[PDB]
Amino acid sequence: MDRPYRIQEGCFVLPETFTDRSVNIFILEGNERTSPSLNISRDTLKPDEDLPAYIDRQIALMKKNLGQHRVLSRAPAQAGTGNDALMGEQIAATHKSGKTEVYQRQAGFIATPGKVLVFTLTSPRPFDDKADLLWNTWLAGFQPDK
């Protein structure tokens, strides 16, 4: 059968057999330099895999597929505020793309049983106060569907 699916522009019906692999991408306008961009992706937990193990597997995937992937920090993260906020984990990490070092924050949360929601910020240069505030303002304003 067909189930509802919601996007910014409206809703439609999707056969329940389809897995959602949508990647949201938000391009922001720069000032003097190129601006960080934002991204939301999805994943499925393996059987008996908890979030820390999932994050480990993702770090390994980044190392296998990218150049010079380097974890700079790993810590708890929170999506939203109040009773419905999601508790998860985040990293900050760099990698090399051609001649340039790319900076990313990536946070994972179990939104529903077995389902991971990932929030990513990507910058072509080191984080600054503006980029950090964007990250925390974005995560804090997420309102999970109840």
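From 1 onward, residues are counted along the sequence shown.
Stretches compared: 95-103, 57-65. Higher mean C-alpha B-factor in the entry: 95-103. Taking the mean C-alpha B-factor of each stretch as recorded, 80-88 and 106-114 are not equal, and the higher mean is that of 80-88. In the PDB entry, a CA B factor belonging to the lowest third of its chain's modelled residues is recorded for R42. In the PDB entry, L14 places in the highest third of its chain by CA B-factor. Ranked within its chain, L121 lands in the lowest third, by CA B factor from the PDB record.
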